[PDB]
Amino acid sequence: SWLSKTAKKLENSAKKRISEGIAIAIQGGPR
């Protein structure tokens, strides 16, 4: 969707959260 085509770039920023969500976890940075 031309509407989701501009929002896709907004969700594309979440891809960093999924990649980190497993990374950080894999690092056990926190508790």
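Residues numbered from 1 in each chain as written, not as in the entry; some residues may be left out. Heavy atoms only, no water.

- Looking at the method field of the entry, one finds solution NMR.

**Some details on the overall build of the protein**
- Helices and strands together make up the secondary structure of the protein, namely two helices and zero strands.
- Principal axes of the C-alpha set define a box for the protein whose edges measure 40 × 10 × 10 Å.
- Every one of the 31 residues in the protein was classed for burial, and the buried ones make up 0%.
- Element-wise, carbon and sulfur atoms account for 60% of the exposed surface of the protein, whose accessible area totals about 3,100 Å². (Helix = DSSP H or I, 4+ residues; strand = E, 2+ residues; numbered from the N terminus. Buried < 20%, exposed > 50% of the residue type's maximum accessible area, 1.4 Å probe, protein only. Areas by Shrake-Rupley, 256 points an atom, 1.4 Å probe, with all protein chains shown as cover.)

**Regarding helix α2 (residues 15-27)**
- With 13 residues, α2 extends 18 Å between its outermost C-alpha atoms, agreeing within 8% with the 18 Å of an ideal straight helix rising 1.5 Å per residue.
- By the criterion of burial, α2 is predominantly exposed, with just zero of the 13 residues buried.
- Positive backbone phi, at 55°, marks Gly-28, one or two positions downstream of α2. (Expected span 1.5 Å × (residues − 1).)

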